[PDB]
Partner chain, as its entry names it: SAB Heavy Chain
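Before any questions on how it binds or moves, here is one chain, the form solved without the partner chain, in structure tokens.
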């Protein structure tokens, strides 16, 4: 049983938890209510256990995609922001915190993949995927390659596959039609057929993983990479002069990266739901609140329009948000585990020719909708 007249908050150890504690001390100064911030190991696994017995934290911070399953077991309270508050955040971020109609969390930060490029090797980054093969040949003439990124995970290759028509599950009004999957349509086939060609024409190597591509870009061996906010700190140490920009189009259509939204949810068993709404809406989700956390550990792009416009003076964060607005919000439904598994196999079997593109995608679609 959770204690009343108090706030306990769980956030991961790699986020700005000391900044969040500073926002809490301010709350404690205005109300007399104490806020305890903790960052337990494996908290996304521990929460469902302790919350099942009416225990755990009052507020939990995690990416939005774990929240659909918490909500399925009734572990999260429905939230009640008015339209005025809702209008202070980007509209698309609210779509990440709906579970079958209900708002079940507050959107905090937004994360998406971007095209990262070496400004010394590349004056102007390519605007389309179609011109990367010719560009790769030019650079190969000087002993450099055009693009290297993790091909092992579907998270990294999906932007291209989804560009001309692919999608995980059809979304409408806060609900995903779990029998409407877009892995086997013409769009996904066009995109996967472009990727395997890059591999057959030797512009890329099928065994390239995250470590390989990061090392090559950071050593200056390749002109581009595809990665997210988490990678920037290591490139900083490398001293490569880099830019971060919108991903290339394919068949004239924007690449569609998966969008992950750091979210804050309220324990349904919490006796302090009003205090929690007050802390989140009026202390944390303000320029001052978001600033205190970001100064401890950068959040990346944020959901709050007002502060985002100030963060976007950094072109790396502005590109992150631009890519996020063109991307695909990651489905928060349990059926996504089937998607990740099937799509990973499909891409790997097609890149190795162990299977055709049409066959590889046909099998994945079947595996996901069965």
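Residue numbers count along the first chain shown, from 1.
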Checklist outcome for this item: Taking the deposited Cα B-factors and averaging over 339 to 347 and over 299 to 307, the higher mean is found in 339 to 347
Checklist outcome for this item: As the entry reports it, the stretch among 268 to 276 and 176 to 184 with higher mean C-alpha B factor is 176 to 184
Checklist entry - Can you tell me which of 125, 260, 254, 133 has the highest Cα temperature factor in the record? => result 125
Checklist outcome for this item: Looking only at 101, 229, 243, 166, the Cα with the top B-factor belongs to 101
Checklist entry - What third of its chain, lowest, middle or highest, does the C-alpha temperature factor of residue 313 fall into? => result middle
Item to check | Position of residue 116 among the chain's modelled residues by C-alpha B-factor, lowest, middle or highest third | outcome: lowest
Item to check | Cα B factor band for residue 52 (lowest, middle or highest third within the chain) | outcome: highest
Checklist entry - When the modelled residues of the chain are sorted by Cα temperature factor, does residue 225 land in the lowest, middle or highest third? => result lowest
Next on the checklist: Please place residue 330 in the lowest, middle or highest third of its chain according to the CA B-factor in the PDB entry.
Outcome noted: lowest
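Same protein, other form: the form deposited with the partner chain bound, not shown, and the subject of what follows.
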Item to check | Stretch 323 to 347 - residues with a heavy atom within 4.5 Å of the partner chain in the entry with it bound | outcome: 324, 325, 327, 328, 329, 330, 331, 332
